[PDB]
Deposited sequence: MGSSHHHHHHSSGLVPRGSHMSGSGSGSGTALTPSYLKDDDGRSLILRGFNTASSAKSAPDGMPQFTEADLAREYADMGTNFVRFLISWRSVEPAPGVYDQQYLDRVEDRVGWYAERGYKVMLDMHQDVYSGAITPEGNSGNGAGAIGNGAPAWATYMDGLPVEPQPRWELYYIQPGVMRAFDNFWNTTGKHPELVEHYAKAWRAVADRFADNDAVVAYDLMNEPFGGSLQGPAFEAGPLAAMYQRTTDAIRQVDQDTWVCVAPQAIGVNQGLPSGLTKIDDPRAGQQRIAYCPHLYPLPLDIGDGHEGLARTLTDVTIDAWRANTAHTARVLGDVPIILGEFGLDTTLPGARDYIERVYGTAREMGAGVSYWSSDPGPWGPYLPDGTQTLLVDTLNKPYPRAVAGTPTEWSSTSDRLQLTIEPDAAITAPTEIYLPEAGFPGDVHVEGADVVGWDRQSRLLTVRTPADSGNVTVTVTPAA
């Protein structure tokens, strides 16, 4: 597998949340999430990544007019993450195109960019079914210019992304731009969509971003419907005009149909197998690119939920993938219920992991009181390998075999170690001091 790198050349293992669905409907575009909430997340789970939801409607409230005050607010939040050593992926998020689909249900595009052409959007028994209503299908068909009536819309979208990239190009905490949440093709579905207008929008948007930001990873998603459930994607390779190596990453989601017991469990387990095979294939098509599992999640109160979550994280580990869990929002899917009580997720996610590796991690494992990591060396890297150790299992000092301890910060929970680069692959084992 391939990895995103920090400025020191270290390979990043990214673990965090989507923050947050509450931003979708907020008039000011910000999630209901405070700096104290982040402090709690970090204290409880030691996360190092966030998929932070932004919106086209907040970036470009009128055609060609970008809201710099909104971008100030995003920058403020990014600062909270920066101060705690997080890396940030900005997600241009939408569901069902826009809030403007009913006079709320959807989110994303500004009202001026929403053209339903008078076609109906009647109430449906679940929100996903709004996607196939005449007015919503038309809004998407207009956006992709399948109708031929709105070539300007993708151009606006690309330049809205350029405005965001212009603000964040020099932001050391931002590592990735997730160009579009869960692309939906309207009347176009499958390869005709993914290899057609979807790939074309990604290329235009990448090109626009690269006018102002040469180094941030541009992350592209397949269409969500079908591919979320383990079907193959027809997405094609996107060119990165940056000087040097390509910085495109693949950001699919995973949402098995049965969602964890009985035949449902078997169906979900083979879905993971199919999803892995397909994800690996498309990551190759895109140029042997890094993978970020941009979303997966479920009601943690469902029997078998822990086994599912642990299998997904194990699969992500084997694939060298980052993970942003859906989501930090309060409720049974998230790490905390509305009153602040921890769900199953906290103890499940709160495990040792390597955050930034001085070399390519070839394999690793962890339990509550042990981490083992094998590193393919890179002599050019002078920064230490950085590892998270939970206080639960590591209440005092560390015992490290296979590396020299550089520092052990018992407050931030960051262990830094140094390994030789001229002795082949190195295995580092970390356990609690006696």
| item | value |
| --- | --- |
| Coordinate gaps, deposited numbering | 1-33, 137-145, 302-306 |
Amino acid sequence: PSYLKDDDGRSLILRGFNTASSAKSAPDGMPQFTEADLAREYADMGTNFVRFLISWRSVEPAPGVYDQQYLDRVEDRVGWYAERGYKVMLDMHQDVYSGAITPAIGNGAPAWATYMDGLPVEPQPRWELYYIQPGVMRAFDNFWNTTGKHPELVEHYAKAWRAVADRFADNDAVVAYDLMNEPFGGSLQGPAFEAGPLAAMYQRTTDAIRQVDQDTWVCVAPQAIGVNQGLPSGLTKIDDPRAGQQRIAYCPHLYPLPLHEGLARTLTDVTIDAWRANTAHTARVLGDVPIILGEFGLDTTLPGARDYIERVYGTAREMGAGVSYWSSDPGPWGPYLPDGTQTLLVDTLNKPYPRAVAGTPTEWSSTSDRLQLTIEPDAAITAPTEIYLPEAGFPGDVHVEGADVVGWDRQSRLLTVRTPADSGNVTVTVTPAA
From here on, numbers count along this sequence of modelled residues.
query	finding
Other entries lacking residue 148, at least a third	no
Residue 103 not built in a third or more of the other entries	yes
Which of 395-403 and 48-56 has higher mean CA B factor, as the PDB entry lists it	395-403
Which of 237-245 and 92-100 has higher mean CA B factor, as the PDB entry lists it	237-245
Highest recorded Cα temperature factor - choice among 41, 386, 369, 409	369
Out of 214, 187, 278, 327, highest CA B-factor residue	214
Residue 181 by Cα B-factor - lowest, middle or highest third of the modelled chain	lowest
Residue 433 - Cα temperature factor, lowest/middle/highest third of chain	highest
Lowest, middle or highest third - CA B-factor, residue 310	lowest
Residue 417 - which third its CA temperature factor falls in, relative to the rest of the chain	lowest
Chain thirds of CA B-factor: placement of residue 115	highest
